[PDB]
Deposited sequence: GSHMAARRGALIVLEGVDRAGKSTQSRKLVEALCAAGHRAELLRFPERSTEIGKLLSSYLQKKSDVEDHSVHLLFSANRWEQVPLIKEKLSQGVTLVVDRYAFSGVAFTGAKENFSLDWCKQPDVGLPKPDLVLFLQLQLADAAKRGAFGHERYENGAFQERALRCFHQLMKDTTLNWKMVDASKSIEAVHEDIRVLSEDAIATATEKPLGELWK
């Protein structure tokens, strides 16, 4: 039986990294083979250019930066497919959705253009959206770290959620770390148990 591809999305400070780490821990403690992945994955050459960019150490033309973020996902596709075929469930901290939402929050970027590079990536079996008021997210904890930009990103995320081809689940990320974790864990157990019967799909196609 293949593993499940579970993605956590949300604006900055929504609790994605905290919940992805806790989810992998709990699934492993309950006997599942599960591993954490994140995007961008900064250990690669592409990821290094992305990190310099996000730290404002370098400036990059907006379309180039968008394409590098997508290429950074494609470079991990062979690994993603191999792990899933091996029975390993992958918990992914940000994915193509963040890619479209953050670039789509910029001027003169259509959602259609932003989606294309990621068309065909492994399709998540479950996309958890950690919902919380922007003002709350701002009380917790770089480029894109301002309220007006987060608000436009959030709107883009809501457009992507109209996409019925995907198993979106809303999570109330305003609760305690432990309460949000239990909600996420129960949804993830269900997806691992029931969403893996069908072959891995292809995103946005």
property: Deposited sequence positions missing from the model - stretches, numbered from 1, in order; result: 1 to 6, 148 to 151
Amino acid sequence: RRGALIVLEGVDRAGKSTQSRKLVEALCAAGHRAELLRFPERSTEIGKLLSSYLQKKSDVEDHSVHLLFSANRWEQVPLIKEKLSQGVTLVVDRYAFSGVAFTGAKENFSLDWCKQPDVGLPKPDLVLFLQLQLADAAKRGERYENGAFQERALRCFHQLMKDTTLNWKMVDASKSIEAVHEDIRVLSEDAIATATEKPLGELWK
From here on, numbers count along this sequence of modelled residues.
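Superpose the two forms; the largest set of C-alphas matching within 1.5 Å is the rigid core.
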| property | result |
| --- | --- |
| Of 130 to 138 and 101 to 109, which departs more from this form in 6 other deposited structures of this protein by CA RMS after core fitting | 130 to 138 |
| Farther-lying stretch by C-alpha RMS in 6 other deposited structures of this protein, rigid core as reference, of 13 to 21 and 191 to 199 | 191 to 199 |
| Between the two ranges 8 to 16 and 180 to 188, the one averaging a larger CA B factor in the entry | 8 to 16 |
| Greater mean Cα temperature factor according to the PDB record, 158 to 166 or 36 to 44 | 158 to 166 |
| Candidate set 114, 128, 134, 79 [ranked by C-alpha B-factor, highest] | 134 |
| Residue selected from 49, 148, 171, 26 by maximal Cα B factor | 49 |
| Record-listed C-alpha B factor of residue 64: chain third | middle |
| B-factor third for the C-alpha atom of residue 108 within its chain | highest |
